[PDB]
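What follows is a set of notes on a single structure, which appears directly below.
Number of protein chains: 6
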Amino acid sequence: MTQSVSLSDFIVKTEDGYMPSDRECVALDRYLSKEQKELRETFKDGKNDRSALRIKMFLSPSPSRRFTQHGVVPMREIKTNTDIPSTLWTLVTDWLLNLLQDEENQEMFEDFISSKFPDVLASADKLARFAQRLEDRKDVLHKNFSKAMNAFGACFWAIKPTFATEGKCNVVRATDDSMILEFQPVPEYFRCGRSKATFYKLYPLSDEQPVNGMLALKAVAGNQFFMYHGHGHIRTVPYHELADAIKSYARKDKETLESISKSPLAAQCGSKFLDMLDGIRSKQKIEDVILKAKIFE
Amino acid sequence: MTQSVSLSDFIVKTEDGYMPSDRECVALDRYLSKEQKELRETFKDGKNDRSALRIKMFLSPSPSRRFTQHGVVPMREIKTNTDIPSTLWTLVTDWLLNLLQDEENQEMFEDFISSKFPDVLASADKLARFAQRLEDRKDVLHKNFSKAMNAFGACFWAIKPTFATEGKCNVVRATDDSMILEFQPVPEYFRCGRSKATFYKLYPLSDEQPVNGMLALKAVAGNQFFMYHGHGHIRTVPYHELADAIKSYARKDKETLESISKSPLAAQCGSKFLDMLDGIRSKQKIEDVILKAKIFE
Amino acid sequence: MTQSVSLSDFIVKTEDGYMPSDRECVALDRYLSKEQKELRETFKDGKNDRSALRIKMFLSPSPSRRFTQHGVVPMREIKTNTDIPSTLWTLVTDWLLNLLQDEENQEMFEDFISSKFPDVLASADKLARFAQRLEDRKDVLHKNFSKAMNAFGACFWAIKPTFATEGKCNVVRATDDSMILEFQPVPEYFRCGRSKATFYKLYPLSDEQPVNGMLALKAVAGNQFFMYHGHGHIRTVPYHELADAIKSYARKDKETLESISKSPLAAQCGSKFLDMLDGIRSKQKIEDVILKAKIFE
Amino acid sequence: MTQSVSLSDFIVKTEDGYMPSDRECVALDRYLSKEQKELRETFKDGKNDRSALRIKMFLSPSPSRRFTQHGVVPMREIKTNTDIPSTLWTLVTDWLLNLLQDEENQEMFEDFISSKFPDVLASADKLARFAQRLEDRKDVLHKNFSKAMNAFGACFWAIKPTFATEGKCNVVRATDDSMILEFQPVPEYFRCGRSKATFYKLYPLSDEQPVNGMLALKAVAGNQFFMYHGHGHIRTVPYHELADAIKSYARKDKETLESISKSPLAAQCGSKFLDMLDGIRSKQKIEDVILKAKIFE
Amino acid sequence: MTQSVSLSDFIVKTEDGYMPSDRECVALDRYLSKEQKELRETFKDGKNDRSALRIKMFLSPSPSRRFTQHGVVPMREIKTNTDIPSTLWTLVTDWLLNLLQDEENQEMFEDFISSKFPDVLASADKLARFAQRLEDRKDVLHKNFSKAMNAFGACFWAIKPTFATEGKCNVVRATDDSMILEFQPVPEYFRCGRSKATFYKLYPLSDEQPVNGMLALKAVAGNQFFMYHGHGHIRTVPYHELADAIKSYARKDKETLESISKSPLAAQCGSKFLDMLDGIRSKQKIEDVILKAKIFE
Amino acid sequence: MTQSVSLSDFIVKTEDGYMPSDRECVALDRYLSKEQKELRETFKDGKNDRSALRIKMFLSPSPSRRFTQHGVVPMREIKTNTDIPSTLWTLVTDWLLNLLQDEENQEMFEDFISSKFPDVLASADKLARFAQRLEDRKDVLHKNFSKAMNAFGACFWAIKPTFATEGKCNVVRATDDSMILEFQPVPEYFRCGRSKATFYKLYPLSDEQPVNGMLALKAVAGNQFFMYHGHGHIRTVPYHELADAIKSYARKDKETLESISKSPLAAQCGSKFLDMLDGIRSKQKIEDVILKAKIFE
């Protein structure tokens, strides 16, 4: 489905200072350290909290044997096999290494990575949109380092994203409570994977259910669909791509689905979404129910 | 044979600070200092440890009479007559003069030059390969000054080179002990002299004789030849260029050859190399024995 | 699987002269011509030789109502939904429209398109490799129009490709009969889809089964696999990507498989390939047999 | 109001070949020709068909006394006093002079100028939009000279504009009969005067009144206004700029207004437009009735 | 005084086609042709119509012995010793050689050079101003070759210059008869010699003495001086530079001065100019009379 | 010694039109034609007029089997192993292929190659100097194709070089009979091999022995040496490089030396040159006699 770009593909730990990572060669991976090999053996042994083991793996240093001319080879367990544009890699690595020239900043990064990160993997389109806001000089992220770090963290499913921590956007219309934003296709030389068309969103303001937000979105969306991916948003997708969304609904956990179903904001979205949720809860075949819910009245 | 580029062709001593060296004119060399002329007379008198006298010459200052507009004229005894590309000279001189803006660094340089340097002359291809790794911005040498210093020193036959202190390379395959690396032809605008094709190498890891390294190299080398130039490596050369290698075997000293023959790593290389060593020890004609050892079975 | 780029995505028919095609909008597709709508209705009615109907559709002109500012909108039946780099589209469209400034050349193109084209769709990597050979000025395709044209033809499964009609390659070794060539990864700004590593090939010379070609390729391939995709070649793929190849073996027709199995060149490839062919003929599950044949002895 | 750019500000007649026009100096205008001075005196005498006299003036040659180094000074009666960007002037003059290198083309231009041109003056924004479509290389106007000529002529109120003869646009939605198009603000380095925001339009297909076009435009327009400026279009403007439109409604002739009111397409626009037309026909004060019709229900 | 640039410093005759001239070397001038040496001997013998002999010399071909790599060496009698900017030489030589690719044009050039040219030498500032009008693309000289050739000829004292045949200018004011023009300092990278400030002029229209032209010039000139250099103009110079003008009045011939004094246009200039002419006719000392006429009333 | 660049390293024969030559691969050389293999066998058999056989080999076409993507592989008998700068190869190949677009020019080239060419090989420095005169736009070679072809032919020891057919030079001084020219070091990005300093020459004018030329050269040469390399010139070389010249005197044939010794121009050079010629005729050791003749009086 949606390919994910790991953190180690951008930067790996070293003795004292973090170093850029080269995926050109994988032959050097044979050698390792005692703790590294012990954790590798435990990870390969059985399925026991793989994500926690991965996080523990990423926080251990590396020996000098893995050094090459360009940089440092990562491990074989925290590395993906998806290609990314050169500009994105260069910009992200340059900024991240520029920020990491401080022991206190190092401790802050470790505290954040140990605080709320559920898994290393992150969506590619999130990274592309975040780098869209970092390439241009006249923005807000340059002056406020903390807000930029919040944005980058929430880019990888860490904290609930507000308006100021989103990607690249331009508010098209507001109201008394909540707002509606419009997104645009990412330019070609940032794209990594499939392309997506225009699609709006909605962010409740503080706590209360919107009243005119539904009317405004219905006026704006026109021919579209509603959903409650994650928590705290009401995304809209075109009818076609919703097909792939059903696949993304297969991997969802039972506890997560139960938590989603127990939210008034989930009920506020509309009518057909609850029917689709009941259909996916029925554990029947996906295609037929998907087309039944996808009929155009 | 292989032309050598002296150190003085890049930089010469001065009163306090080192200055770039101009080989445009040689008329100013008539004047000299008392110690300089005394050492010149002693060097011209008889053959008594020429290399030590050269090292002593390079470590004495120069008067203000030798200054010109561009720079300082070197001596007539530590200067070569081989042309080098402008880019190589500019880059090496710029970096070396950038590093020498410190009295403590000056003392360190003098201590190193008095420690292990056997002679001023150094191979041209080694210098070209070293400058290949210095031109690009994203490397390791920029951050670690000490490692780059050892790399430059070992470029002129001072330190046994490890993997991190080699030139430009990319590891193609490893194993439990020792590695195999691949080299590539140097680009045109760095070349100074003849051209050489692809040729691999091998570096024992810590102390033990490799077991699978011979098999791996035999798989990789295919149609090639083995040798034990220097100590600590097993180089491979094409059949044709080995001709010139025989000339390089003529100038080798008896003590050096005896020391080479008394190494188990020399015996480990193969079978034909020992036959060639015995042939060169026989003090017979070079061409006939060379072609006898160069037959393709 | 391997996405295909149709011909209409590059160029569509018009009244007299061919025009570039814009995929920006699909709103104008509602209008059509009498023959166009009749063919669309027949195509939608039943499954009766879809490829022939598609070819007939591509050879009918278009009305002036479909014209826009940028160009002409194509039909909804001969258009794909895969994105391609701008440079590839620009270069291919420019060259093709440059060639099409002649009535006799128009007739030749129509005759060729009606002669041996089995379907409009063509592989993306074939187009990328063909454009790799067209971007540089110093090649052979510019001088010889017909030889260049047969390259584009065989690029879309029209004629058996010889050496002079291949993509971008450099002969690495030859012998008395047949040759072996090496390919390289396509640069980033041409890539459309997944990436592939180095892989060789082999082309029988005139008619006879090679004798030393198997030994030479075995020496070159090392750790690789053999196959007989199509006719007239012995391709080699890495072990991993062969997984996807099994999927490509699912869509193969029974008659095509029977024709492939009745060739001595198919028997000449080796031993495991016949076992894999028998396994896919057994109509059992794909994954288990695939892993059984993929074991490393 | 809306400033107009005359034709003579771009090009003036000469002895044989048309020449570029320089507005730097007006001192040379004192001298003239016999026919030129007679027509100037008649024009200054009384108000008798000023437009026809202007057209007659523009079609007479000029003497050699008016030549300067840069070009030819125009007359004082067919020249405006509004500044225009350099790029627009350069592009239009270059293309027009490139077209005028033919006696037959000269005769065609004269016949067209004598056929349907009501007055020399033309709107600035129309010219800017037309030049927007001429700057880019990949368009349709370059290949078809006749269509570009029709586009340029209709740019100055000569021909009823179809879709292919409009400015820069991109069809956003169609239907069985008629289409709806969207416009965008012109970039800064083409702007000459005030700025205007997004505004749509609509056009008939052949003769019949649209049925779903009103619904589609109402869905698209949202908060906007309807109008019937000219004939054959239903333009939409924002509420604010409609103020200026009332001024443009003051200069309209009684016969033109009567002809406009006698069209079913004028009745098809809506309800408030007829009320506004009745108000302007009442010959009362403009501001109060304008605000009464501008109330937001 | 005012340095003059000869024609031969730009172009010299050859066997068939004119060639660019190189003044780098003068050693090759020793060899010559029979007619060339005879004319050189006659010229060196006595003072008998030097200008006619020079013109005859310039119209004879040159042998192949004088050819060099860059071009052809000129003679020692028609070559100056003043340096000129590279751009001026390149532009003039390029245009003149572009024009000279025709036998009929060659005959026309010879006829013109034999018709009205009094001497080869020409003023440097005239050449600079003429090249000022040739560097820019949007002028009149490019289209009309004949007018450009007239302008170039009049640049070297061949025909009376009209307005269209002048240098670089911009009419600032006109009247019923005659005009007044303003000049500006030539930019730096064209300058060859001293610099001059702003100075106006006046050109009678057809034949009659101007009436309001004197008043207009007096209004414009303000603090300046009047003169009648040459025929057909009333130039104005600043008070300081008039000093050098007196030197230019020393070399004037008696017949030329008598012809100048017998013109009503000379009387029309003013009052002080006649006094200055009488003073220079008195054949007294130049400085004292110059300051007497230069007093500021 | 002085490396030679063959003609085939720039261009090889093909079926109809000559093609650029690629030395990247030599694997394709196994295949050949019947005449080609017969001539190769005869050449390898015995030493019988190798140069004539080489010339015959170069004038036979090549089959289509040798074609590659870049160009055509040459034969293994007319190809060198010396590297040359890219710019030189590109310029020479481009000009030569531009010249060869004519059947009559093809016949002329074949007639010239069969007329006076003694061997394919040619000196590198001659080629570099010739290309020095072809890179700049303002020369004589561009207009006169015949003179350029003569110059290129004489570059490879075919025609006795005159002044107009030499390389890059600038006459520094002349006299009644014969001239003296000065050369300069070739810039870096043209150099292929060792470097040489300033050195003059002398060319007798028509037939007679110079009288003041010896005095002029003695004034100019100062500290230098005289020689009679080839016929029709008196070259001068520095004392050091004359060492290498002695090696060039070893390969000279007895008949050529006898012909050289029988020329009055050989006697005119001086005194020491005859002594050196007698010494090399004595067939004694080269070094001792060379140093005896190299003593500085």
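Residue numbers (the numbering used here), protein chains in the order written: chain A, 4 to 300; chain B, 4 to 300; chain C, 4 to 300; chain D, 4 to 300; chain E, 4 to 300; chain F, 4 to 300.
Even for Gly, the Cβ is constructed at its ideal location relative to N, Cα and C.
Reduced DSSP category for residue i - H, G, I as helix; E, B as strand; rest coil
i, result
"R254(D)", "coil"
"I298(A)", "coil"
"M279(E)", "helix"
"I58(F)", "helix"
"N153(C)", "helix"
"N51(D)", "coil"
"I183(E)", "strand"
"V76(B)", "coil"
"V175(B)", "strand"
"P64(C)", "coil"
Same chain only: Cβ atoms within 7 Å of residue i, ignoring 5 sequence neighbours per side
i, result
"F115(E)", "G156"
"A269(C)", "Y231 and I263"
CB contact below 7 Å: residue i versus chain F
i, result
"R33(E)", "yes"
"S7(B)", "no"
Other residues of its chain near residue i: CB distance less than 8 Å, five sequence neighbours each side excluded
i, result
"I162(A)", "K119, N153, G156 and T168"
"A127(B)", "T5, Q6, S7, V8, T85, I87, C195 and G196"
Chain F contact residues for residue i, given Cβ-Cβ distances below 9 Å
i, result
"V143(C)", "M22, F70, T71, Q72, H73 and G74"
"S89(B)", "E191"
Interface partners of residue i on chain D, CB under 8 Å
i, result
"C172(E)", "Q72"
Supposed contact pair residue j and residue i - C-beta distance, whole angstroms, cut 8 Å
i, j, result
"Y206(E)", "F148(E)", "Actually they do not touch by this definition, with Cβ atoms about 24 Å apart."
"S11(A)", "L124(A)", "Contact doesn't hold; Cβ gap of about 10 Å is too wide."
"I289(A)", "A248(A)", "In fact, because the Cβ distance is near 11 Å, the residues do not count as touching under 8 Å."
"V75(C)", "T71(F)", "With a Cβ gap of about 40 Å, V75(C) and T71(F) do not count as contacting."
"residue 301(E)", "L42(E)", "The requested residue 301(E) does not occur in the structure, where chain E is confined to residues 4 to 300."
Per-residue contacts from residue i into chain E (C-beta, under 9 Å)
i, result
"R176(F)", "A30"
Chain A residues whose Cβ lies nearer than 8 Å to that of residue i
i, result
"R136(B)", "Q72"
Neighbour list for residue i in chain C, Cβ cutoff strictly below 9 Å
i, result
"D86(A)", "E191, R194, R197 and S198"
Close Cβ partners of residue i (< 6 Å) along its chain, the five nearest in sequence each way excluded
i, result
"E185(C)", "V175 and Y203"
"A224(C)", "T239"
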